[PDB]
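Text of entry-v9.txt (compact mmCIF, C-alpha atoms and all ligand atoms) as supplied:
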# COMPACT_ATOMS: atom_id res chain seq x y z
CA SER Q 1 0.00 0.00 0.00
CA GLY Q 2 0.87 3.71 0.41
CA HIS Q 3 0.27 4.05 4.20
CA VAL Q 4 -1.18 2.48 7.37
CA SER Q 5 -3.18 3.99 10.25
CA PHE Q 6 -2.66 3.34 13.97
CA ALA Q 7 -4.60 4.69 16.97
CA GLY Q 8 -6.68 6.74 14.50
CA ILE Q 9 -3.48 8.62 13.44
CA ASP Q 10 -2.25 8.05 9.85
CA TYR Q 11 1.27 6.94 8.87
CA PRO Q 12 2.70 7.04 5.31
CA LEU Q 13 4.96 4.32 3.94
CA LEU Q 14 8.59 5.58 3.67
CA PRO Q 15 11.28 4.18 1.29
CA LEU Q 16 14.50 2.45 2.41
CA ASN Q 17 16.23 1.73 -0.88
CA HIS Q 18 19.24 -0.44 -1.72
CA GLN Q 19 21.75 2.23 -0.69
CA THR Q 20 20.62 1.56 2.87
CA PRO Q 21 23.34 -0.40 4.64
CA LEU Q 22 22.81 -3.62 6.52
CA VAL Q 23 24.25 -3.41 9.98
CA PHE Q 24 25.49 -6.33 11.99
CA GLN Q 25 27.11 -6.09 15.39
CA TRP Q 26 29.57 -8.03 17.46
CA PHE Q 27 30.58 -6.91 20.91
CA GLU Q 28 33.00 -9.52 21.96
CA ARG Q 29 33.19 -10.02 25.59
CA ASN Q 30 36.53 -11.78 25.28
CA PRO Q 31 38.97 -11.29 22.42
CA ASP Q 32 41.69 -13.66 23.78
CA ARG Q 33 39.70 -16.86 23.14
CA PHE Q 34 40.35 -15.86 19.52
CA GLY Q 35 43.61 -16.10 17.64
CA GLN Q 36 45.30 -12.67 17.58
CA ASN Q 37 45.31 -12.99 13.82
CA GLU Q 38 41.77 -14.39 13.59
CA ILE Q 39 38.75 -12.20 12.87
CA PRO Q 40 37.46 -11.70 16.36
CA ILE Q 41 34.00 -12.56 15.29
CA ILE Q 42 32.46 -15.83 16.24
CA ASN Q 43 32.01 -18.46 13.52
CA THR Q 44 31.10 -21.76 15.20
CA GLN Q 45 28.81 -24.66 14.48
CA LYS Q 46 25.91 -23.54 16.67
CA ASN Q 47 26.39 -19.96 15.47
CA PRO Q 48 28.90 -19.47 12.69
CA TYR Q 49 28.27 -15.80 12.74
CA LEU Q 50 31.19 -14.75 10.62
CA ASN Q 51 29.75 -16.94 7.84
CA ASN Q 52 26.23 -15.36 8.15
CA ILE Q 53 27.56 -11.84 7.56
CA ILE Q 54 29.81 -12.63 4.57
CA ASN Q 55 27.04 -14.54 2.84
CA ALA Q 56 24.80 -11.57 3.59
CA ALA Q 57 27.37 -9.25 2.03
CA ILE Q 58 27.74 -11.57 -0.98
CA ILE Q 59 23.94 -11.69 -1.55
CA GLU Q 60 24.13 -7.82 -1.49
CA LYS Q 61 27.38 -6.79 -3.18
CA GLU Q 62 25.98 -3.43 -4.15
CA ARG Q 63 24.59 -2.32 -0.79
CA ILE Q 64 26.91 -1.25 2.03
CA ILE Q 65 27.30 -3.64 4.96
CA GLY Q 66 28.48 -2.38 8.36
CA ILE Q 67 30.04 -4.53 11.09
CA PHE Q 68 29.60 -2.68 14.37
CA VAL Q 69 32.36 -4.05 16.59
CA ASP Q 70 33.70 -3.37 20.11
CA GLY Q 71 36.18 -5.12 22.41
CA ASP Q 72 39.76 -4.75 23.56
CA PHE Q 73 41.22 -5.90 20.24
CA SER Q 74 44.80 -6.90 19.44
CA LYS Q 75 46.56 -5.15 16.55
CA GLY Q 76 46.54 -8.39 14.58
CA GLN Q 77 42.83 -8.91 15.25
CA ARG Q 78 42.10 -5.40 13.91
CA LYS Q 79 43.98 -6.41 10.70
CA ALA Q 80 42.07 -9.66 10.43
CA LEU Q 81 39.13 -7.27 9.95
CA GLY Q 82 41.38 -5.21 7.67
CA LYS Q 83 41.91 -8.15 5.33
CA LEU Q 84 38.13 -8.72 5.65
CA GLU Q 85 37.49 -5.17 4.41
CA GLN Q 86 39.73 -5.40 1.32
CA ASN Q 87 38.89 -9.04 0.56
CA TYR Q 88 35.25 -7.83 0.54
CA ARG Q 89 34.92 -4.05 -0.03
CA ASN Q 90 31.20 -3.51 0.70
CA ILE Q 91 31.98 -4.64 4.28
CA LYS Q 92 32.91 -1.74 6.57
CA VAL Q 93 34.20 -2.51 10.06
CA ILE Q 94 33.28 0.23 12.57
CA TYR Q 95 34.81 0.49 16.08
CA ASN Q 96 32.49 1.70 18.86
CA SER Q 97 35.28 3.88 20.33
CA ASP Q 98 35.61 5.71 16.94
CA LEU Q 99 32.11 7.24 17.50
CA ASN Q 100 31.34 10.10 19.91
CA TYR Q 101 28.05 9.69 21.77
CA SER Q 102 28.43 12.70 24.15
CA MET Q 103 25.34 14.46 22.71
CA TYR Q 104 23.10 11.55 23.80
CA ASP Q 105 24.69 10.99 27.23
CA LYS Q 106 23.88 11.61 30.90
CA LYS Q 107 25.40 11.35 34.39
CA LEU Q 108 23.78 8.97 36.87
CA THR Q 109 24.41 11.54 39.61
CA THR Q 110 22.17 13.79 37.56
CA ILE Q 111 19.68 11.02 36.73
CA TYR Q 112 19.34 9.73 40.31
CA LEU Q 113 19.18 13.09 42.11
CA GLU Q 114 16.40 14.00 39.63
CA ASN Q 115 14.26 11.10 40.82
CA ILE Q 116 15.23 11.63 44.45
CA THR Q 117 13.78 15.15 44.08
CA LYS Q 118 10.64 13.98 42.21
CA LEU Q 119 9.80 11.44 44.94
CA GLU Q 120 10.60 13.78 47.87
CA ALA Q 121 8.35 16.36 46.17
CA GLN Q 122 5.35 13.95 46.37
CA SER Q 123 2.95 13.39 49.24
CA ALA Q 124 4.53 11.12 51.85
CA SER Q 125 1.17 9.38 52.14
CA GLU Q 126 1.35 8.61 48.35
CA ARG Q 127 4.98 8.07 47.43
CA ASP Q 128 7.15 5.13 46.61
CA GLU Q 129 9.46 5.24 49.63
CA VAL Q 130 10.60 1.73 48.63
CA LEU Q 131 11.90 3.28 45.38
CA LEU Q 132 12.72 6.56 47.16
CA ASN Q 133 15.24 4.69 49.34
CA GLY Q 134 16.72 2.61 46.45
CA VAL Q 135 17.69 5.49 44.17
CA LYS Q 136 19.49 7.12 47.19
CA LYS Q 137 21.57 3.99 47.77
CA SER Q 138 22.23 3.78 44.02
CA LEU Q 139 23.20 7.39 44.59
CA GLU Q 140 25.24 6.42 47.66
CA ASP Q 141 27.04 3.75 45.57
CA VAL Q 142 27.84 5.86 42.47
CA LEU Q 143 29.43 8.70 44.54
CA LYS Q 144 31.75 6.26 46.29
CA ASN Q 145 32.25 4.45 42.96
CA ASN Q 146 32.96 7.35 40.62
CA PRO Q 147 31.74 10.95 40.48
CA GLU Q 148 31.59 11.25 36.65
CA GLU Q 149 30.00 7.90 35.73
CA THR Q 150 27.33 8.11 33.01
CA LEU Q 151 24.64 6.01 31.30
CA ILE Q 152 26.83 5.23 28.35
CA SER Q 153 29.82 4.18 30.48
CA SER Q 154 27.69 2.15 32.83
CA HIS Q 155 26.40 -0.11 30.19
CA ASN Q 156 29.78 -1.63 29.72
CA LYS Q 157 31.23 -4.89 28.56
CA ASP Q 158 30.88 -6.03 32.11
CA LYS Q 159 27.10 -5.60 31.94
CA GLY Q 160 26.46 -8.38 29.47
CA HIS Q 161 23.80 -7.89 26.83
CA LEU Q 162 23.23 -4.32 28.00
CA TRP Q 163 26.68 -3.61 26.58
CA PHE Q 164 25.60 -4.28 22.93
CA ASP Q 165 21.84 -3.74 22.99
CA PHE Q 166 22.35 -0.22 24.45
CA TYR Q 167 25.01 0.90 21.90
CA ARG Q 168 22.95 -0.64 19.13
CA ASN Q 169 20.19 1.89 19.76
CA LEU Q 170 22.77 4.68 19.83
CA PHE Q 171 24.22 3.48 16.49
CA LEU Q 172 20.85 3.69 14.78
CA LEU Q 173 20.38 7.20 16.19
CA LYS Q 174 23.56 8.10 14.29
CA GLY Q 175 22.35 5.98 11.35
CA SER Q 176 24.22 6.03 8.02
CA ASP Q 177 26.14 9.24 8.86
CA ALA Q 178 28.29 7.07 11.19
CA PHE Q 179 30.09 5.45 8.24
CA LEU Q 180 31.29 8.99 7.60
CA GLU Q 181 32.05 9.78 11.26
CA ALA Q 182 34.65 6.92 11.65
CA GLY Q 183 35.95 7.80 8.16
CA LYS Q 184 35.12 4.57 6.29
CA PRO Q 185 36.07 4.45 2.55
CA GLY Q 186 33.73 4.26 -0.45
CA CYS Q 187 30.70 5.41 1.57
CA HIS Q 188 30.10 8.74 -0.29
CA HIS Q 189 27.10 6.90 -1.84
CA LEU Q 190 25.22 7.09 1.54
CA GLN Q 191 22.58 9.75 1.87
CA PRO Q 192 22.78 12.25 4.74
CA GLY Q 193 20.87 11.72 7.99
CA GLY Q 194 20.07 8.41 6.33
CA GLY Q 195 18.80 5.26 7.93
CA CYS Q 196 20.17 1.73 8.33
CA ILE Q 197 19.11 -1.88 8.95
CA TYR Q 198 20.60 -3.68 11.94
CA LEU Q 199 20.65 -7.43 11.87
CA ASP Q 200 21.30 -10.07 14.46
CA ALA Q 201 24.21 -11.99 12.98
CA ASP Q 202 21.82 -14.94 12.83
CA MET Q 203 19.04 -13.48 10.63
CA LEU Q 204 19.94 -15.05 7.30
CA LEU Q 205 19.90 -13.33 3.97
CA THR Q 206 18.78 -15.74 1.36
CA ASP Q 207 18.11 -13.62 -1.58
CA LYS Q 208 18.06 -9.90 -2.13
CA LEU Q 209 16.07 -7.75 0.26
CA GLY Q 210 15.24 -4.90 -2.13
CA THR Q 211 13.58 -1.58 -1.28
CA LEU Q 212 11.78 -1.55 2.05
CA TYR Q 213 8.67 0.40 3.05
CA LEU Q 214 7.73 1.12 6.65
CA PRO Q 215 5.18 2.97 8.81
CA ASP Q 216 7.01 6.30 9.30
CA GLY Q 217 10.22 4.53 8.20
CA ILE Q 218 10.69 2.19 11.17
CA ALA Q 219 10.20 -1.48 11.86
CA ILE Q 220 11.46 -4.05 14.31
CA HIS Q 221 11.56 -7.77 14.68
CA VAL Q 222 8.60 -9.35 16.33
CA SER Q 223 8.79 -12.71 17.96
CA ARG Q 224 5.77 -14.96 17.51
CA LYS Q 225 6.06 -18.14 19.56
CA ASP Q 226 3.81 -20.19 19.65
CA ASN Q 227 1.00 -18.26 21.25
CA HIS Q 228 3.18 -15.27 21.95
CA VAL Q 229 4.25 -12.09 20.31
CA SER Q 230 6.94 -9.76 21.39
CA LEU Q 231 8.92 -7.04 19.86
CA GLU Q 232 12.54 -7.90 19.40
CA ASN Q 233 15.90 -6.24 18.96
CA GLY Q 234 16.82 -8.92 16.47
CA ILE Q 235 15.89 -6.63 13.62
CA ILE Q 236 15.98 -2.88 13.68
CA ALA Q 237 15.46 -0.71 10.57
CA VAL Q 238 15.02 3.08 10.40
CA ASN Q 239 14.88 5.51 7.43
CA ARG Q 240 16.95 8.35 8.96
CA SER Q 241 19.35 9.53 11.63
CA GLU Q 242 17.77 10.21 15.04
CA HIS Q 243 14.31 8.77 14.40
CA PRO Q 244 11.76 10.22 16.94
CA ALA Q 245 10.35 6.86 18.31
CA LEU Q 246 13.91 5.93 19.41
CA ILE Q 247 14.58 9.52 20.47
CA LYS Q 248 11.60 9.28 22.90
CA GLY Q 249 13.18 6.06 24.17
CA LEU Q 250 16.47 7.84 24.75
CA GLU Q 251 14.45 10.38 26.86
CA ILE Q 252 12.83 7.62 28.90
CA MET Q 253 16.36 6.38 29.58
CA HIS Q 254 17.29 9.90 30.75
CA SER Q 255 14.11 10.16 32.94
CA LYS Q 256 14.09 6.75 34.66
CA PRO Q 257 16.44 5.36 37.24
CA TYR Q 258 17.37 1.87 36.01
CA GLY Q 259 16.17 2.32 32.42
CA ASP Q 260 16.60 -0.74 30.21
CA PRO Q 261 17.30 -0.78 26.39
CA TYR Q 262 14.69 -3.47 25.84
CA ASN Q 263 11.75 -2.51 28.07
CA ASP Q 264 12.18 1.30 28.20
CA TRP Q 265 14.15 2.56 25.20
CA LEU Q 266 13.12 0.10 22.47
CA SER Q 267 9.73 -1.06 23.61
CA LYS Q 268 8.08 1.88 25.37
CA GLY Q 269 9.81 4.46 23.10
CA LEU Q 270 8.33 3.01 19.93
CA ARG Q 271 4.93 2.51 21.50
CA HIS Q 272 4.60 5.86 23.37
CA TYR Q 273 5.48 7.67 20.20
CA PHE Q 274 3.27 5.43 18.11
CA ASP Q 275 0.74 5.02 20.92
CA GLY Q 276 1.39 7.61 23.55
CA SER Q 277 -1.80 6.78 25.36
CA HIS Q 278 -2.50 3.05 24.84
CA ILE Q 279 -5.70 3.09 22.72
CA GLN Q 280 -4.59 0.07 20.61
CA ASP Q 281 -3.68 -3.30 22.08
CA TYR Q 282 -0.01 -4.21 22.60
CA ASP Q 283 -0.31 -6.94 19.92
CA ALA Q 284 -2.04 -4.54 17.52
CA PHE Q 285 1.10 -2.43 17.90
CA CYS Q 286 3.37 -5.48 17.43
CA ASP Q 287 1.55 -6.12 14.16
CA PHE Q 288 1.72 -2.44 13.10
CA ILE Q 289 5.45 -2.23 13.83
CA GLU Q 290 6.39 -5.72 12.53
CA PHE Q 291 9.22 -5.99 10.05
CA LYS Q 292 8.31 -8.45 7.29
CA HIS Q 293 10.82 -9.97 4.89
CA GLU Q 294 10.50 -13.35 3.20
CA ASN Q 295 14.17 -13.38 2.05
CA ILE Q 296 15.48 -13.56 5.66
CA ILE Q 297 15.16 -16.67 7.81
CA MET Q 298 14.56 -14.78 11.03
CA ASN Q 299 16.46 -15.37 14.29
CA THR Q 300 18.05 -18.73 13.54
CA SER Q 301 19.82 -18.86 16.96
CA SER Q 302 16.65 -20.38 18.47
CA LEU Q 303 17.67 -23.49 16.45
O1 LIG U 401 28.66 -11.81 22.48
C1 LIG U 401 27.75 -11.30 21.83
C2 LIG U 401 26.55 -11.98 21.75
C3 LIG U 401 25.52 -11.41 21.01
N1 LIG U 401 25.71 -10.23 20.42
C4 LIG U 401 24.63 -9.63 19.65
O2 LIG U 401 23.38 -10.26 19.89
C5 LIG U 401 22.74 -10.57 18.64
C6 LIG U 401 21.81 -11.78 18.71
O3 LIG U 401 22.36 -12.76 19.61
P1 LIG U 401 21.91 -14.30 19.57
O4 LIG U 401 20.99 -14.54 18.39
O5 LIG U 401 23.18 -15.12 19.63
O6 LIG U 401 21.18 -14.44 21.02
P2 LIG U 401 19.60 -14.25 21.29
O7 LIG U 401 19.36 -12.82 21.69
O8 LIG U 401 18.88 -14.59 20.01
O9 LIG U 401 19.46 -15.26 22.41
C7 LIG U 401 23.92 -10.77 17.70
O10 LIG U 401 23.59 -10.57 16.32
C8 LIG U 401 24.90 -9.74 18.17
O11 LIG U 401 24.60 -8.49 17.55
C9 LIG U 401 26.96 -9.56 20.53
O12 LIG U 401 27.16 -8.45 19.97
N2 LIG U 401 27.95 -10.12 21.23
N1 LIG U 402 16.12 -10.43 19.10
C1 LIG U 402 15.99 -11.73 19.05
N2 LIG U 402 15.69 -12.31 17.89
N3 LIG U 402 16.14 -12.41 20.19
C2 LIG U 402 16.04 -13.85 20.33
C3 LIG U 402 14.63 -14.36 20.44
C4 LIG U 402 14.56 -15.86 20.28
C5 LIG U 402 15.43 -16.68 21.26
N4 LIG U 402 16.83 -16.92 20.73
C6 LIG U 402 14.73 -18.00 21.59
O1 LIG U 402 15.21 -18.74 22.46
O2 LIG U 402 13.69 -18.37 21.02

Please lay out the structure from this file as structure tokens.
Amino acid sequence: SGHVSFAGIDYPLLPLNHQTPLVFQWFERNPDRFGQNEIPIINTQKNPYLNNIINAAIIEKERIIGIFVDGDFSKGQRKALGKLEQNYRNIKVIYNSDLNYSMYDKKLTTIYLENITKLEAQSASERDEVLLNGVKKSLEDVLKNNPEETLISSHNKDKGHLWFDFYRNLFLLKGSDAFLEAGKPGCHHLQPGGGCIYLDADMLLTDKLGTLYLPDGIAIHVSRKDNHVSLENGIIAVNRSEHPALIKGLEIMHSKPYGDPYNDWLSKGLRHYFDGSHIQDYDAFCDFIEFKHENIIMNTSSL
């Protein structure tokens, strides 16, 4: 079609054409279980992820493919990627540290003390003292820990899947203009403030994707098992840099102690923007926001 309507509000279908890079990501918790001249990206029987990205890139030789990487990498491991970039020159390896996220950041001192004030400003006969006393100990712990400790820093390699699911959302905020910001070659063909398409390393390209259309230019993976639907970070595709729905999620991260990429940023951000006030069912959002493509065998890590 040409559009779709949700909550009584109308939403046009926006193009994501074959310029639009596929993004993969690998945040490797440990680099030293790899050879120091091995591409520090996992390619094993249960998940041969390094095979699923190349084959993706081969199926799409004339669309850019980004590999969003992060980990304390040996010089030789960085040149394993280097060989990978010249041996296939649509592939663009991008180091997390080569991007500046300061414009999207916040200090937990700030974030906590905000909530401390909000709660203390409410009726004592109404307020969440249980929470009121947790954010102050979180406060108590960050002071002693480190004055200038922020959201972005917190969600570190130590913090497991919050490491890579947090920075993912940041990446997409920066979108296609991030190929430029690290300095990656032969990316002049990317449009400004342009979108991207993240992929779990395990969503398998089979055949060409083509030119995607979305409600307001955003879609995400939705799980459907067996009797269940969820929204997933397995696929994320936007049509531009700093899409609002994710922007709102970045705000909810700034305005909540203990925000979470999955529940707060991704999930509630999308849905508050799309459904600020909850007129449509959750599922009827999941359907409205679902990313459909027949040429990808979705989320093959469950097998
Ligand atoms: O050590 C890891 C493990 C996972 N991932 C990311 O998590 C995504 C999906 O992970 P997987 O399918 O293995 O786990 P699931 O979330 O499906 O259980 C991958 O594409 C990666 O982007 C990562 O960056 N580093
Ligand atoms: N974003 C994702 N696709 N996450 C994984 C969801 C499926 C999960 N691997 C399972 O056990 O079924």

Rank nothing, just name the residue among Q:223, Q:255, Q:145, Q:263 nearest to ligand LIG 402 (chain U), using only C-alpha atoms and all ligand atoms.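 The answer is Q:223, which sits nearest to ligand LIG 402 (chain U).
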
Kindly compile the residues surrounding ligand LIG 401 (chain U) within 8 Å, counting all atoms listed in the file, and format them as a PyMOL selection string. chain Q and resi 24-29+47+49+69+161+164-165+199-203+233-234+299-302

Measure the distance from atom CA of residue 71 of chain Q to atom CA of residue 246 of chain Q in Å and round it to one decimal.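 Atom CA of residue 246 of chain Q lies at a distance of 25.0 Å from atom CA of residue 71 of chain Q.
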
Pairwise distance for atom CA of residue 149 of chain Q and atom CA of residue 97 of chain Q, rounded to one decimal in Å: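 Computing the Euclidean distance for atom CA of residue 149 of chain Q and atom CA of residue 97 of chain Q yields 16.8 Å.
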
Using all atoms listed in the file, determine which residues lie at most 8 Å from segment 90-95 of chain Q, disregarding the query and same-chain residues fewer than 6 positions distant; provide the list as a list in words.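 Once the adjacent positions are removed, what remains is residues 57, 61, 62, 63, 64, 65, 66, 67, 68, 69, 70, 81, 84, 179, 182 and 184 of chain Q.
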
What does the distance from atom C6 of ligand LIG 402 (chain U) to atom CA of residue 258 of chain Q come to in Å, to one decimal? 24.7 Å

From the list Q:37, Q:230, Q:115, Q:43, which residue is nearest ligand LIG 402 (chain U) when using all atoms listed in the file?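 Nearest to ligand LIG 402 (chain U): Q:230.
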
Which is closer to ligand LIG 402 (chain U) than all the others in Q:170, Q:46, Q:105, Q:119, using only C-alpha atoms and all ligand atoms?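 Of the candidates, the smallest distance to ligand LIG 402 (chain U) is held by Q:46.
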
Choose the residue, out of Q:181, Q:153, Q:50, Q:229, that has the smallest atom-to-atom separation from ligand LIG 402 (chain U); count only C-alpha atoms and all ligand atoms.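 Nearest candidate to ligand LIG 402 (chain U) out of Q:181, Q:153, Q:50, Q:229: Q:229.
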
Near-segment 208-212 of chain Q list (7 Å; all atoms listed in the file; drop same-chain fewer than 2 positions) as a ChimeraX atom specification: /Q:15-18,59-60,206,214,295

Pick from Q:226, Q:216, Q:148, Q:283: nearest to residue 243 of chain Q, with all atoms listed in the file counted?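 The closest residue to residue 243 of chain Q is Q:216.
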
Please produce, as JSON lines, a per-residue contact table for segment 63-160 of chain Q versus segment 247-250 of chain Q (criterion: any atom at most 12 Å away, only C-alpha atoms considered), showing the nearest atom pair and its distance in Å to one decimal, sorted by chain then residue number.
{"residue": "Q:103", "atom": "CA", "partner": "Q:250", "partner_atom": "CA", "distance": 11.3}
{"residue": "Q:104", "atom": "CA", "partner": "Q:250", "partner_atom": "CA", "distance": 7.7}
{"residue": "Q:105", "atom": "CA", "partner": "Q:250", "partner_atom": "CA", "distance": 9.1}
{"residue": "Q:106", "atom": "CA", "partner": "Q:250", "partner_atom": "CA", "distance": 10.3}
{"residue": "Q:151", "atom": "CA", "partner": "Q:250", "partner_atom": "CA", "distance": 10.6}
{"residue": "Q:152", "atom": "CA", "partner": "Q:250", "partner_atom": "CA", "distance": 11.3}

Residues near residue 177 of chain Q, cut-off 8 Å, only C-alpha atoms, skip fewer than 4 positions along chain, as a list in words: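 Final neighbour list, sorted by chain and number: residues 181, 190, 191, 192, 193, 194 and 241 of chain Q.
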
Which polymer residues have any atom within 9 Å of an atom of residue 278 of chain Q, counting only C-alpha atoms, with same-chain residues fewer than 5 positions away left out, as a list in words?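 Surrounding residues, per the criterion: residues 7, 271 and 272 of chain Q.
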
Selected residues, C-alpha atoms, written as a PDB file, keeping the file's coordinate frame, please.
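Output (part20.pdb):
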ATOM      1  CA  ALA Q   7      -4.600   4.690  16.970  1.00  0.00           C
ATOM      2  CA  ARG Q 271       4.930   2.510  21.500  1.00  0.00           C
ATOM      3  CA  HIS Q 272       4.600   5.860  23.370  1.00  0.00           C
TER       4      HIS Q 272
END
